[PDB]
Structures are given as C-alpha cells and as structure tokens.
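Peer 1: below: the sequence, then the experimentally determined structure.
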Amino acid sequence: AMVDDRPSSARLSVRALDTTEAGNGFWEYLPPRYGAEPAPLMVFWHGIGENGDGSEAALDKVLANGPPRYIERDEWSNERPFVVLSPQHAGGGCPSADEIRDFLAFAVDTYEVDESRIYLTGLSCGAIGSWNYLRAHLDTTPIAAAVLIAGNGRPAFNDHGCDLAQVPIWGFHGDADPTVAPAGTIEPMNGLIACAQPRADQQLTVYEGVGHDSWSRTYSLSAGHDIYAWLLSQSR
Ligand SMILES: [Cl-]
Ligand SMILES: [Cl-]
Ligand SMILES: [Cl-]
C-alpha cells in the first residue's frame with residue numbers, strides 16, 4: 001500500500017466540545033494507515049494544569065504535555081500505528097471514572113479502531129482518573145493495557161487486589177514527587193507484581209530523585225522506557 005508520510009502534525013485535528021457526540025473537546029491524531037485496517041487506539045488524559053472548557057481556544061492547553069505535545073511538534077514517529085485521542089477535562093479536579101468510560105465508548109463507536117487493542121494512558125490527574133476508572137469499571141472495561149504516570153492507584157488496588165492484575169499496567173513515578181506521593185504508584189504496582197500467575201504483565205518504573213514531572217521522560221522516550229512497544233505487545 002502507498003502511505004501518507006507527512007509529519008505527525010499534518011494529521012492532528014481539533015475537535016471542540018459540541019462539534020461531536022463526545023462529552024469532551026479533544027485532539028484527534030490519525031496514524032498514516034488509518035482506514036486501511038482497524039488501528040490500535042490510545043486515549044490520553046492530561047494533568048490538572050491543562051483543564052479547560054473543551055473549546056478550540058481552551059484545547060490549546062492540552063498540547064503542553066504528553067502524546068499531543070509530541071504530535072503537534074512533529075516529534076511523534078510515523079511508525080506509531082495508534083489513533084491518539086486527547087480529551088480535555090473541564091472543571092477543577094481530575095476526570096471521573098464515568099467521564100473516562102463515556103469517552104472510551106465514544107471513541108470506539110466513532111473511529112475505525114481495533115477493539116482488541118485499546119490503550120489508556122495519563123499523567124497526574126489524568127492517571128488518577130484512569131486508576132479510578134479501573135476501580136469502577138474493572139469488570140467491564142474493554143481496555144488492553146494502561147500506562148499510568150504520577151497517579152494514585154492505591155484505592156483501586158485496595159478495592160480489587162489481584163483481580164486488578166488481569167489488566168496489564170505499567171506505572172511510572174518520580175520518587176521525589178512533592179505533589180502526588182510516589183506511594184500512589186509504587187504500592188499498587190508492587191501489589192500487582194506480587195500477584196500470582198496467571199496474570200497480566202505488570203511493570204513499575206521509579207525515577208530516583210525525580211519530582212512530579214515523570215511524564216516528559218516517559219512519553220518522549222528520553223528515559224529509554226519504550227512504552228509504545230510494550231502497549232502494542234498487549235491485546236484482549
Ligand atoms: Cl516547552
Ligand atoms: Cl468542578
Ligand atoms: Cl532520564
């Protein structure tokens with residue numbers, strides 16, 4: 001097949017709140033081969049600093065960190081096969097479990113995606129929300145794996161224990177984080193890793209001496225943890 005090979009920003013589109021069926025404004029990134037075969041899906045949730053009302057103007061905030069930052073800057077490899085959606089959370093705190101559920105339902109209904117390869121990822125509030133999403137919806141979640149950075153999964157693991165270990169998770173945290181305590185990732189990932197086989201893959205990365213921003217070095221691969229290859233190795 002012949003394939004679009006323009007840099008990633010060429011396929012980045014703003015989808016403001018109330019221009020789609022979604023309950024969030026979001027950034028839409030389509031991979032080069034979108035449409036040719038069902039694509040893996042990645043839904044990324046931003047941190048609290050980037051909250052906004054989902055309008056086009058407000059959505060610019062979401063470009064600050066994570067996948068949409070690299071996509072907008074043409075620093076997101078064309079080899080990456082994901083549809084990447086980056087919704088904006090409105091209001092004052094972290095996205096809720098049901099907000100994340102509803103947006104994942106929208107995404108799967110709307111895009112030509114491989115439903116066996118739905119990936120959830122977030123940083124800070126976006127990770128906190130994703131953990132809470134798993135706590136609420138573990139028994140029905142369609143996701144294949146999650147990469148959760150600088151969040152708090154203690155309630156989710158306290159609730160479910162090794163039942164949660166059926167979802168593959170890679171948790172990341174800086175151990176000097178003064179904003180979200182690193183026990184938030186370390187305790188649940190240690191618990192999940194200790195869970196007996198058969199269980200999903202579980203990984204924990206602790207950046208020693210690193211503060212709250214443990215996401216830049218993760219999503220950019222400057223720290224050498226290939227979260228994209230790991231996600232793609234997971235499926236339902
Ligand atoms: Cl910058
Ligand atoms: Cl609020
Ligand atoms: Cl590093």
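Peer 2: Yep, it's here. Residues are numbered from 1 along each chain as shown. Ligands and ions are numbered 1, 2, ... in the order given.

Peer 1: which bits of this protein sit near ligand 3?
Peer 2: Residues of the chain lying near ligand 3 by C-beta under 5 Å from the ion: 217, 223. Heads up, the C-betas are built off the backbone N, CA and C, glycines and all.

Peer 1: verify the stated contact: residue 213 with residue 173.
Peer 2: No. In this structure, residue 213 is not within contact of residue 173 by C-beta atoms under 8 Å, at 11.0 Å.

Peer 1: what touches both of those two?
Peer 2: Residues touching both residue 213 and residue 173 comprise residue 150, with contact defined as C-beta atoms under 8 Å, 6 or more residues apart in numbering.

Peer 1: what about the two, which has more around it?
Peer 2: For residue 213 against residue 173, the residue with the higher neighbour count under other C-beta atoms under 10 Å is residue 173, and the figures read 27 against 18.

Peer 1: dig out what that one forms beta bridges with.
Peer 2: Beta-bridge pairing of residue 173, defined through DSSP bridges, involves residue 206.

Peer 1: that one is in contact with residue 211, isn't it?
Peer 2: No. Between residue 173 and residue 211 there is no contact, the gap being 10.4 Å when judged by C-beta under 8 Å.

Peer 1: any idea which strand is longest in the chain?
Peer 2: Selection of the longest strand in the chain by residue count, based on DSSP state E, yields strand 113-123.

Peer 1: packing partners for that one?
Peer 2: Packing contacts for strand 113-123, counted by 3 or more C-beta pairs under 8 Å, 6 or more residues apart in numbering; DSSP states H and E, involve strand 39-45, helix 66-72, helix 97-110, helix 125-137, strand 145-149, helix 227-232.

Peer 1: and the contacts of the last one?
Peer 2: Among residues not part of helix 227-232, those counted as contacts by C-beta under 8 Å, 6+ apart are 40, 42, 80-82, 117, 119, 121, 144-145, 147, 170, 201, 203, 218-219, 221.

Peer 1: counting neighbours, what do you get for the nearest residue to residue 1 once chain neighbours are set aside?
Peer 2: In space, and not counting its chain neighbours, residue 1 is closest to residue 36: 6.1 Å by C-beta to C-beta, 6 or more residues apart in numbering. Per other C-beta under 10 Å, the neighbour tally for residue 36 reads 11.
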